[PDB]
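Below is the file coords-v4.pdb, which contains PDB, C-alpha atoms and all ligand atoms.
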ATOM      1  CA  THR A   2    -113.247 270.375 151.533  1.00  0.00           C
ATOM      2  CA  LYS A   3    -109.962 269.630 149.779  1.00  0.00           C
ATOM      3  CA  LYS A   4    -110.378 268.643 146.126  1.00  0.00           C
ATOM      4  CA  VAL A   5    -107.977 266.288 144.368  1.00  0.00           C
ATOM      5  CA  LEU A   6    -108.223 265.839 140.575  1.00  0.00           C
ATOM      6  CA  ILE A   7    -107.159 262.291 139.673  1.00  0.00           C
ATOM      7  CA  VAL A   8    -105.853 261.795 136.109  1.00  0.00           C
ATOM      8  CA  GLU A   9    -105.448 258.034 135.655  1.00  0.00           C
ATOM      9  CA  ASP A  10    -106.278 255.837 132.656  1.00  0.00           C
ATOM     10  CA  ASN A  11    -106.379 252.516 134.563  1.00  0.00           C
ATOM     11  CA  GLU A  12    -109.686 251.758 136.305  1.00  0.00           C
ATOM     12  CA  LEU A  13    -108.009 249.751 139.080  1.00  0.00           C
ATOM     13  CA  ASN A  14    -105.500 252.512 139.860  1.00  0.00           C
ATOM     14  CA  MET A  15    -108.306 255.087 139.589  1.00  0.00           C
ATOM     15  CA  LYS A  16    -110.505 253.309 142.129  1.00  0.00           C
ATOM     16  CA  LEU A  17    -107.687 252.812 144.627  1.00  0.00           C
ATOM     17  CA  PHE A  18    -106.629 256.481 144.501  1.00  0.00           C
ATOM     18  CA  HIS A  19    -110.263 257.513 144.704  1.00  0.00           C
ATOM     19  CA  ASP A  20    -111.025 255.160 147.596  1.00  0.00           C
ATOM     20  CA  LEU A  21    -108.001 256.217 149.654  1.00  0.00           C
ATOM     21  CA  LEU A  22    -108.451 259.951 149.102  1.00  0.00           C
ATOM     22  CA  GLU A  23    -112.190 259.833 149.844  1.00  0.00           C
ATOM     23  CA  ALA A  24    -111.604 257.895 153.067  1.00  0.00           C
ATOM     24  CA  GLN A  25    -109.456 260.837 154.160  1.00  0.00           C
ATOM     25  CA  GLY A  26    -112.383 263.222 153.771  1.00  0.00           C
ATOM     26  CA  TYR A  27    -111.235 264.625 150.435  1.00  0.00           C
ATOM     27  CA  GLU A  28    -113.516 265.258 147.462  1.00  0.00           C
ATOM     28  CA  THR A  29    -112.216 263.914 144.152  1.00  0.00           C
ATOM     29  CA  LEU A  30    -112.591 264.558 140.433  1.00  0.00           C
ATOM     30  CA  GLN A  31    -111.663 261.887 137.908  1.00  0.00           C
ATOM     31  CA  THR A  32    -110.700 261.644 134.247  1.00  0.00           C
ATOM     32  CA  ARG A  33    -108.796 259.173 132.096  1.00  0.00           C
ATOM     33  CA  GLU A  34    -107.697 261.871 129.672  1.00  0.00           C
ATOM     34  CA  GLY A  35    -104.984 264.460 130.089  1.00  0.00           C
ATOM     35  CA  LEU A  36    -106.811 267.032 127.978  1.00  0.00           C
ATOM     36  CA  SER A  37    -109.973 266.726 130.061  1.00  0.00           C
ATOM     37  CA  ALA A  38    -107.745 267.247 133.090  1.00  0.00           C
ATOM     38  CA  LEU A  39    -107.067 270.802 131.920  1.00  0.00           C
ATOM     39  CA  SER A  40    -110.773 271.505 131.376  1.00  0.00           C
ATOM     40  CA  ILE A  41    -111.816 270.061 134.735  1.00  0.00           C
ATOM     41  CA  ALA A  42    -109.016 271.962 136.497  1.00  0.00           C
ATOM     42  CA  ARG A  43    -110.335 275.331 135.267  1.00  0.00           C
ATOM     43  CA  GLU A  44    -113.965 274.427 135.907  1.00  0.00           C
ATOM     44  CA  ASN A  45    -113.579 272.919 139.376  1.00  0.00           C
ATOM     45  CA  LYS A  46    -110.316 274.429 140.608  1.00  0.00           C
ATOM     46  CA  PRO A  47    -108.931 271.385 142.407  1.00  0.00           C
ATOM     47  CA  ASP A  48    -106.400 271.854 145.233  1.00  0.00           C
ATOM     48  CA  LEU A  49    -104.069 269.118 143.990  1.00  0.00           C
ATOM     49  CA  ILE A  50    -103.670 267.098 140.813  1.00  0.00           C
ATOM     50  CA  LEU A  51    -102.584 263.460 140.790  1.00  0.00           C
ATOM     51  CA  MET A  52    -101.104 263.001 137.310  1.00  0.00           C
ATOM     52  CA  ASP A  53    -100.397 259.628 135.725  1.00  0.00           C
ATOM     53  CA  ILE A  54     -97.322 260.222 133.571  1.00  0.00           C
ATOM     54  CA  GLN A  55     -97.841 257.118 131.466  1.00  0.00           C
ATOM     55  CA  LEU A  56    -101.241 257.966 129.971  1.00  0.00           C
ATOM     56  CA  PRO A  57    -101.730 256.127 126.642  1.00  0.00           C
ATOM     57  CA  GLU A  58    -102.968 259.047 124.540  1.00  0.00           C
ATOM     58  CA  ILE A  59    -100.632 261.756 125.830  1.00  0.00           C
ATOM     59  CA  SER A  60     -97.579 262.445 127.982  1.00  0.00           C
ATOM     60  CA  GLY A  61     -98.646 263.403 131.484  1.00  0.00           C
ATOM     61  CA  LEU A  62     -95.503 265.537 131.534  1.00  0.00           C
ATOM     62  CA  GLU A  63     -96.787 267.620 128.623  1.00  0.00           C
ATOM     63  CA  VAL A  64    -100.100 268.130 130.409  1.00  0.00           C
ATOM     64  CA  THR A  65     -98.139 269.298 133.454  1.00  0.00           C
ATOM     65  CA  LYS A  66     -96.361 271.890 131.280  1.00  0.00           C
ATOM     66  CA  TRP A  67     -99.702 273.208 130.015  1.00  0.00           C
ATOM     67  CA  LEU A  68    -100.855 273.449 133.631  1.00  0.00           C
ATOM     68  CA  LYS A  69     -97.790 275.447 134.649  1.00  0.00           C
ATOM     69  CA  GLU A  70     -98.285 277.720 131.634  1.00  0.00           C
ATOM     70  CA  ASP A  71    -101.821 278.649 132.704  1.00  0.00           C
ATOM     71  CA  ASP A  72    -101.724 281.558 135.165  1.00  0.00           C
ATOM     72  CA  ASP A  73    -104.874 280.197 136.819  1.00  0.00           C
ATOM     73  CA  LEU A  74    -103.651 276.609 137.232  1.00  0.00           C
ATOM     74  CA  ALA A  75     -99.880 277.005 137.733  1.00  0.00           C
ATOM     75  CA  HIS A  76    -100.190 277.293 141.522  1.00  0.00           C
ATOM     76  CA  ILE A  77    -101.944 273.920 141.885  1.00  0.00           C
ATOM     77  CA  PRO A  78     -99.561 271.254 143.235  1.00  0.00           C
ATOM     78  CA  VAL A  79     -98.997 268.302 140.908  1.00  0.00           C
ATOM     79  CA  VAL A  80     -98.086 264.807 142.062  1.00  0.00           C
ATOM     80  CA  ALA A  81     -96.775 262.523 139.340  1.00  0.00           C
ATOM     81  CA  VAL A  82     -97.616 258.817 139.320  1.00  0.00           C
ATOM     82  CA  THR A  83     -94.933 256.829 137.489  1.00  0.00           C
ATOM     83  CA  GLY A  97     -91.102 268.830 134.956  1.00  0.00           C
ATOM     84  CA  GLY A  98     -93.252 271.055 137.127  1.00  0.00           C
ATOM     85  CA  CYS A  99     -94.303 268.245 139.448  1.00  0.00           C
ATOM     86  CA  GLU A 100     -93.865 268.906 143.157  1.00  0.00           C
ATOM     87  CA  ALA A 101     -93.656 265.196 143.971  1.00  0.00           C
ATOM     88  CA  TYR A 102     -93.813 261.679 142.535  1.00  0.00           C
ATOM     89  CA  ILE A 103     -94.963 258.196 143.548  1.00  0.00           C
ATOM     90  CA  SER A 104     -94.087 254.816 142.067  1.00  0.00           C
ATOM     91  CA  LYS A 105     -96.034 251.586 141.654  1.00  0.00           C
ATOM     92  CA  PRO A 106     -96.618 249.229 143.324  1.00  0.00           C
ATOM     93  CA  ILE A 107     -98.179 252.089 145.273  1.00  0.00           C
ATOM     94  CA  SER A 108     -97.455 252.348 148.997  1.00  0.00           C
ATOM     95  CA  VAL A 109    -100.685 253.562 150.588  1.00  0.00           C
ATOM     96  CA  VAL A 110     -99.054 255.378 153.511  1.00  0.00           C
ATOM     97  CA  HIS A 111     -96.373 256.893 151.283  1.00  0.00           C
ATOM     98  CA  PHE A 112     -99.073 257.894 148.774  1.00  0.00           C
ATOM     99  CA  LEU A 113    -101.319 259.524 151.386  1.00  0.00           C
ATOM    100  CA  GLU A 114     -98.437 261.193 153.245  1.00  0.00           C
ATOM    101  CA  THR A 115     -97.136 262.866 150.075  1.00  0.00           C
ATOM    102  CA  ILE A 116    -100.566 264.254 149.181  1.00  0.00           C
ATOM    103  CA  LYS A 117    -101.412 265.416 152.705  1.00  0.00           C
ATOM    104  CA  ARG A 118     -97.969 267.013 152.865  1.00  0.00           C
ATOM    105  CA  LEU A 119     -98.857 269.227 149.905  1.00  0.00           C
ATOM    106  CA  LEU A 120    -102.553 269.736 150.699  1.00  0.00           C
ATOM    107  CA  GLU A 121    -102.519 270.140 154.493  1.00  0.00           C
TER
HETATM  108 MN    MN B 201    -102.057 254.457 134.306  1.00  0.00          MN
HETATM  109 MN    MN B 202    -116.691 259.723 144.965  1.00  0.00          MN
END
When written as structure tokens, how does the structure in this file appear?
Ligand SMILES: [Mn+2]
Ligand SMILES: [Mn+2]
Amino acid sequence: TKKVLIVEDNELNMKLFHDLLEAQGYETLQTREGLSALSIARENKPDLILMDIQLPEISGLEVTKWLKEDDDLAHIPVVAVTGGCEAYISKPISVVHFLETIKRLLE
């Protein structure tokens, strides 16, 4: 099963991403904090990371740099939600566009 780690501080955005990804048969991991994202990534080895750039406590871009600096996490594709990111998506989120981008990198 594909695993997508969702790093999003907003509950509404978090649920949507979660709901859409799960409906596609993907497993998901969730955290509102960039630092926890690093921990979870090493512990669960997700296949893709959906990174909110505008986190309140820290720059998602700085978390992405830490990811790319870790030999064990650098290979994991990172999709930015608005540098080391393989793709980006803007809000209002387009469901099809969102899902296509992720599948494109995962499948
Ligand atoms: Mn957010
Ligand atoms: Mn779930």
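Between ligand MN 201 (chain B) and the residues A:74, A:36, A:54, A:120, the shortest atom-to-atom distance, using all atoms listed in the file, involves A:54.
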- On this structure, which residues satisfy the PyMOL selection byres (((not hetatm)) within 10 of (chain B and resi 202)), written as a PyMOL selection string? chain A and resi 16+19-20+22-24+27-31
Go through chain A residue by residue and, counting only C-alpha atoms and all ligand atoms, keep those with an atom at most 6 Å from ligand MN 201 (chain B); for each kept residue give the shortest atom pair and its distance in Å to one decimal, ordered by chain and increasing number, as CSV.
residue,atom,partner,partner_atom,distance
A:9,CA,B:MN201,MN,5.1
A:10,CA,B:MN201,MN,4.7
A:11,CA,B:MN201,MN,4.7
A:53,CA,B:MN201,MN,5.6
A:55,CA,B:MN201,MN,5.7
A:56,CA,B:MN201,MN,5.6
- Item | Output of the PyMOL selection byres (((chain A and resi 112) around 12) and not hetatm), listed as number ranges by chain | A: 17-19, 21-22, 51, 80-82, 101-111, 113-119
- Task: Let me know the residues the PyMOL selection byres (((chain A and resi 35) around 9) and not hetatm) catches in the file above, as a ChimeraX atom specification.
- Result: /A:8-9,32-34,36-39,52-53,56,58-61,63-64
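Relative to atom CA of residue 5 of chain A, atom CA of residue 47 of chain A is found at 5.5 Å.
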- Task: List every protein, DNA or RNA residue with an atom no more than 10 Å from (-95.4, 270.7, 142.3) in the file's coordinates, counting only C-alpha atoms, and format the result as a list in words.
- Result: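 The answer, in the requested form, is residues 49, 50, 65, 69, 75, 76, 77, 78, 79, 80, 81, 97, 98, 99, 100, 101, 102 and 119 of chain A.
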